[PDB]
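Trainee: Right, I'll just put the structure down here and ask away after.
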């Protein structure tokens, strides 16, 4: 979805993968299910953690489909209905989340649809600590990965009073990507 501005990605194949994900790899209630995890388990980052895995995997694919919505909106007419089912599932079980990583990635998915409001928005804000990061206990690699999703959520919500401390904290980390198990952390931080 990012490389359509750089190289000629085939629209039929791209939307064919979207149609395959909607029809084959989506449960009727909105949950996306993976039937073959990748061999390299270090490239998935924080999604390797099996706690609250079903909610996090659903939000990851929902974000990917919404970013490719403009290209395959005309190709697949069931794309908005698929997003609606996934949004209702995430919205109903949003308040039960505990991990800061899961809340951050779900916040950006809900913010694109416009459902991150009220108590869901209050939970998203209070999840941050020191008003500049969304951190979980463990390696810094996962915390920067989670913070990248939340920074994109603030830009989606168009609330910039809280953004400068977040961006200032990211530069203070001096993270330059790369390294064993850095695929998701390196890719999302520079997108933000």
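Numbering (PDB author numbering), first residue to last: 1065 to 1256. Built from N, CA and C at the ideal position, the CB exists for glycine as well.
Could you tell me the alpha carbon to alpha carbon distance between residue 1116 and residue 1214, rounded to whole angstroms?
Mentor: Taking the straight line joining both Cα atoms gives about 18 Å.
Trainee: Report the start-end ranges of each alpha helix (DSSP H) in the region 1102-1151 that is 4 residues or longer and not cut off at the edges.
Mentor: Qualifying alpha helix (DSSP H) stretches, in chain order: 1117-1131 and 1133-1136.
Trainee: Assign residue 1074 to buried or exposed, taking buried as 16 or more other Cβ atoms, counted over all protein chains shown, within 10 Å of its Cβ.
Mentor: So residue 1074 ends up on the exposed side.
Trainee: Taking the alpha helix (DSSP H) that residue 1077 belongs to, which residues open and close that run?
Mentor: Residue 1077 -> alpha helix (DSSP H) spans 1075-1087.
Trainee: For residue 1148, does the count of other Cβ atoms within 10 angstroms reach 16, so buried, or fall short, so exposed?
Mentor: Exposed, because fewer than 16 other Cβ atoms sit within 10 Å of the Cβ of residue 1148.
Trainee: On the DSSP letters alone, give me the boundaries of the alpha helix (DSSP H) that residue 1171 sits inside.
Mentor: Here the alpha helix (DSSP H) through residue 1171 covers 1164-1177.
Trainee: Between residue 1151 and residue 1179, which are expected to be in contact by the criterion C-beta below 8 Å, what is the C-beta distance as a whole number of angstroms?
Mentor: The Cβ separation is near 6 Å, so the contact holds.
Trainee: Cβ of residue 1077 within 8 Å of Cβ of residue 1132?
Mentor: No, they are not a contact pair.
Trainee: Distance, Cα to Cα, residue 1095 vs residue 1222?
Mentor: Straight-line Cα distance between these residues: approximately 28 Å.
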